[PDB]
Amino acid sequence: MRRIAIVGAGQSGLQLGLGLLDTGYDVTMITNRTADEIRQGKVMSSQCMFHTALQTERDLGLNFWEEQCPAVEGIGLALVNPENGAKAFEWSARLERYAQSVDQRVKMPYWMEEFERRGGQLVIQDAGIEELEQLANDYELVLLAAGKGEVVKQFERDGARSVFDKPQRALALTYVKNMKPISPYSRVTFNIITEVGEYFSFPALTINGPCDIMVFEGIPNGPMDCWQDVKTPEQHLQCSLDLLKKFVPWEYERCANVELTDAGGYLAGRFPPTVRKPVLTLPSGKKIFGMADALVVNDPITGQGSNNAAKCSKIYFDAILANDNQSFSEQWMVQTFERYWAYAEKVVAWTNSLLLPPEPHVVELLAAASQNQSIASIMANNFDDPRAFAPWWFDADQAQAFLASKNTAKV
Ligand SMILES: Cc1cc2nc3c(=O)[nH]c(=O)nc-3n(C[C@H](O)[C@H](O)[C@H](O)COP(=O)(O)OP(=O)(O)OC[C@H]3O[C@@H](n4cnc5c(N)ncnc54)[C@H](O)[C@@H]3O)c2cc1C
C-alpha cells in the first residue's frame with residue numbers, strides 16, 4: 001500500500017483516512033483543531049445525512065451513533081406567503097430509509113481518536129503554503145480537505161462552474177431542547193417563505209443527547225438577515241423565536257419551552273457557493289489535491305455538503321485503491337475529481353436553483369406533490385440522490401411531461 005497525507009479532520013478527510021487505514025495504507029492527518037477543541041467549541045453544521053451517505057459510513061463500521069441518534073423519517077415542505085401567512089400548498093412524505101444528523105462536535109472527535117487507534121498519525125498544525133510543501137516532499141499524495149478554512153482559497157476558482165460570487169443566504173443555526181415532536185413521523189420541516197428565506201428543523205444528536213436543530217436561511221438584507229446584530233446566546237435564541245412567530249407560526253407552536261442545548265449550540269454566518277479547480281500547484285511545483293468542500297461548497301441541507309463529503313470520500317477511496325502503485329499524478333487527480341463532479345454537478349445545479357426565485361415549472365412541480373402523494377414521495381426521496389431531479393427539475397417541457405405521466409397514472 002501507500003503513504004497518504006490528509007489536511008483537515010472533517011467529514012471527508014476522516015472518512016477517507018479511516019477507510020484507508022483499515023485497508024492497510026499509512027495515513028498522516030494534519031488538522032488545526034484538537035479533538036477536545038472540537039468538542040468544546042461551537043456547532044459547525046446541521047449535518048443531515050441521508051441514507052446513501054449514512055450507508056457509506058455503515059460499510060466502514062463508522063456509524064457509532066446510529067442507536068443513539070433520532071431518525072429523520074421524512075421531508076415536509078410548505079410554501080408560505082409572508083404577507084398573510086397563507087400556505088400556497090404543503091405536503092410531507094416518508095423517506096424510504098431514514099436520515100440522521102450527528103453533531104460534528106460528537107462525530108469528529110471520536111473519529112479522530114478512532115483514527116489514532118487505527119494507527120493513523122495525527123498532527124495538530126495550521127497548514128499554510130509552507131506546511132503543504134513539507135507534506136508534498138514526504139508523502140506520495142497530499143489531500144487538502146480543509147472545508148471552509150481559507151487555505152482552501154489557494155485552489156483556483158472555477159468561473160465556468162461557479163454561478164455565484166457572493167453569499168446567497170444569511171445562515172443561522174440554533175440547537176434546542178424541548179421542541180415538540182411531530183407525529184406520526186419526524187421530518188425536515190422545510191418552509192419556503194416567499195422573497196424572505198427558508199426555515200427548517202429536524203431532530204439530531206448533540207453533545208448532551210437528542211435535540212432539534214433550527215435552521216434559518218435569509219435572503220440577504222431581508223427580514224431574516226438579522227443575525228449581524230445578534231451576539232449573546234440569549235439574543236440568538238430570541239431572534240430565532242421571533243422569526244418563527246412572525247413567519248412560521250405553526251413551527252413557533254412547537255417551541256414554547258425550547259432552550260439552547262448548550263452555550264455553543266448556535267452559529268451565524270454566510271459564505272459564497274463556489275466551485276474550484278482540483279489541483280493546487282505549489283511554488284516548488286509539487287501538487288496538492290483538493291477534496292469535498294475545499295472544491296465544491298454549497299448552502300445548507302439542499303447544498304448537502306455532509307452528504308457530498310461522505311460520497312466524495314467513497315469515490316476518492318475507490319480511486320486511490322484502483323491506482324495501485326502508480327503515481328498520484330495531476331492527471332489522476334483531475335480524473336478522480338471529475339468522477340466526483342459527475343455526481344455533484346446536478347446536485348449543485350439543484351441547490352443553486354433553490355437560492356433564486358423558483359422557475360414557474362418548479363412551483364408547479366413542488367405544488368403537484370401536495371395533490372399526488374406519489375410525487376411527494378419522489379421529491380422527498382430524491383434528497384438521497386438529487387441527481388434524480390434531472391431532467392424535469394430544469395426543463396419546463398420535461399416538467400410537464402413528468403406531471404402528465406404522474407397524473408394520467410393517477411387516473
Ligand atoms: C450552517 C451550516 C449548516 C450545514 N447543514 C448541512 C446539512 O444539514 N446536511 C448536509 O449534508 N451538509 C450540511 N452542511 C455542510 C457540511 O457541514 C459541510 O459541507 C461538511 O462538513 C464538509 O465536510 P468536509 O470534509 O469537506 O470539511 P469539514 O467537515 O468542514 O472539516 C474540515 C477540517 O479542516 C480543518 N481545517 C481548516 N483549515 C485548516 C488548516 N489551515 N489546516 C488544517 N486543518 C484545517 C477544519 O478545522 C476541519 O477540521 C452545513 C454547513 C454549514 C456551514
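Read the numbers this way: they start at 1 and go in the same order the structure lists the ligands and their atoms. Position 1 is the first residue of the sequence, and the numbers go up from there.
Heavy-atom distances between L171 and ligand 1 stay at or above 4.0 Å for every pair. Heavy atoms of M108 stay at 4.0 angstrom or farther from ligand 1.
With sequence neighbours excluded, no residue forms a ring-ring contact (aromatic ring centres under 6.0 Å, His included) with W91.
Shortest contact from atom 47 (O) of ligand 1 to any protein heavy atom: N32 OD1, 2.6 Å. The protein heavy-atom contact nearest to atom 51 (C) of ligand 1 is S45 OG, 3.9 Å.
For ligand 1, the atoms closer than 4.0 angstrom to any heavy atom of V7 are 42 (N), 43 (C).
Taking the six-membered ring where the residue is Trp, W65 and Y110 present perpendicular rings, their angle passing 60° and hence far from 30°.
In terms of polar-atom proximity, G305 is counted as a contact of ligand 1, with an N or O under 3.5 Å from an N or O of the ligand. For ligand 1, the polar-atom distance check finds an N/O of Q11 within less than 3.5 Å of one of the ligand's N/O atoms.
Legend: salt bridge (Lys or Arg N to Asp or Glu O under 4.0 Å) pairs involving residues 230-247, not counting sequence neighbours: none detected.
Taking the six-membered ring for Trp and the full ring otherwise, the centers of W393 and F402 sit at least 6.0 Å from each other. Aromatic ring centres of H361 and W392: separated by at least 6.0 Å.
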